[PDB]
């Protein structure tokens, strides 16, 4: 069964402590899949989207001038943000903020070759009141064909 958990990889990259992630990186290298990681502190959801788009482009995971790529990523991002926000994608507008780690992974996860590329966006972090220590954890995942 050649099939791979591309989401789980993204999530693991997002949640494991730096330096615990070695095997995942190794797998990605073998596979020769593109990926990136990053962090964002946000009281506005669009900041999250921006950070992710920016990161994806800078690390060459997506072609920023090619809409199909950016449409695919956009919607995967919203899917993840939804796991984090659980209903309303409002942060500041609802008196909360988030600090999040993110990761993106673009690959060919399925067994059949024709399935082609897919992208995964993962978010992990905390969400809470804009006060130190009044917070808890959150998670999200988005998957899209690309």
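Residue numbers count along the first chain shown, from 1.
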Going by the mean C-alpha B-factor recorded in the entry, which is higher: 21-29 or 131-139? 21-29
Can you tell me which stretch has the higher mean Cα B-factor, 79-87 or 54-62? 54-62
Of the options 113, 38, 41, 107, which has the highest CA B factor as deposited? 113
For residue 8, the third of its chain by CA B-factor is the middle
